[PDB]
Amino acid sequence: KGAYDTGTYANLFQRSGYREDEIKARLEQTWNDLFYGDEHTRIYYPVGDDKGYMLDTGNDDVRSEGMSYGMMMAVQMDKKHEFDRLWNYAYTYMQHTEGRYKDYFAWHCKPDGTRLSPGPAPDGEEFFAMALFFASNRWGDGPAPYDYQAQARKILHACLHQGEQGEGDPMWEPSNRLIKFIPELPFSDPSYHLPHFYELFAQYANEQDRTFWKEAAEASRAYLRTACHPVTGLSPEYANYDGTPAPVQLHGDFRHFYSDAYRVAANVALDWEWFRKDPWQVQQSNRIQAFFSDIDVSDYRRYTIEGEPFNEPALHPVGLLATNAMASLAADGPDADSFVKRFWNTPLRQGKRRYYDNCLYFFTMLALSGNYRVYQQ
């Protein structure tokens, strides 16, 4: 039985021997540094009285990924002021009010709110919806735009029904219940697959969609079993609907284990923690930990999914360590405890490339302290 059924969350830091008081002090310090830390560390920036953005420090833009990530961190940490600032920014500058992307979010804008491209990123929308359902369940709905449950339902309505609304496209392929990479293209990104969020969409979304979300949870669990390498546990950044690496795209080669794919190990582990439905998840978690058990974080490379290293280093090696450590929610092999301790002894990333590492780092600090929870009712 998972944490969803029992209400009890694994505290992997405590099980590894860290004191309960040092653990919550460490979680609170990680929040304080990431949202309000020094100019080399923070990724959150307040704007006026009622807005704020999560900065992709590397790309110098604001991404629906980072904004939605910030909202999840804020609601898990019970930080409504920051949540409402981030949400108002996304609502005000990023959410489309008309056209083929109506109710979707432009995937990135300039920090001043100027849209750079109108096309959305589905991992944004699904984090926005889940964080808004948790905000509703934790704090209750306020007046629009802080009518959190209705805002979440609106996003997920568009995700499934955009094709009925206008000339646009849904973010899930109706035939196989799989999340797509972008609405227009017939392939996926394994790191976008959140079966644990779809289980909760099957509870909280518009009634007419609840069967679909239930089927989407089952379909995504099955999809990750086809996408992850059976020896290494590594997955490609983009994958066909059959789980094989997608073709090289005009904008790059996404066939390998790099930035996006790191989140798969974390996503699988949190589904196991919450729902404990697919015991393959334990073996997948053991496999990726075994693959990296012997590899120093500073030596992390790009890898083919069969484990062949490139000369090229990982761009986000602290991010990779974070997702490898979060796999200890499911892994029961001989590496689980060492990854937890390695992670504990790893500080936040500083400087230009810090955004992606520090987002993954924070989700891992939440999950390993038993503080990445379902907020119900």
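For every residue, the number given is its place in the sequence shown, counted from 1.
Across the two stretches, 199-207 and 232-240, the PDB entry reports the greater mean Cα temperature factor for 199-207. As recorded in the PDB entry, 273-281 is the stretch of 273-281 and 190-198 with the greater mean C-alpha temperature factor.
Of the candidates 151, 175, 289, 259, it is 175 whose Cα B-factor is highest according to the PDB record. For residue 51, the recorded CA B-factor ranks within the middle third of the chain. Only modelled residues enter the ranking. For residue 131, the recorded CA temperature factor ranks within the lowest third of the chain's modelled residues. Per the deposited record, the Cα B-factor of residue 324 falls in the lowest third when ranked against the other modelled residues of its chain. Per-chain ranking of the deposited C-alpha B factor places residue 119 in the middle third.
For residue 106, the recorded CA B-factor ranks within the middle third of the chain. Only modelled residues enter the ranking.
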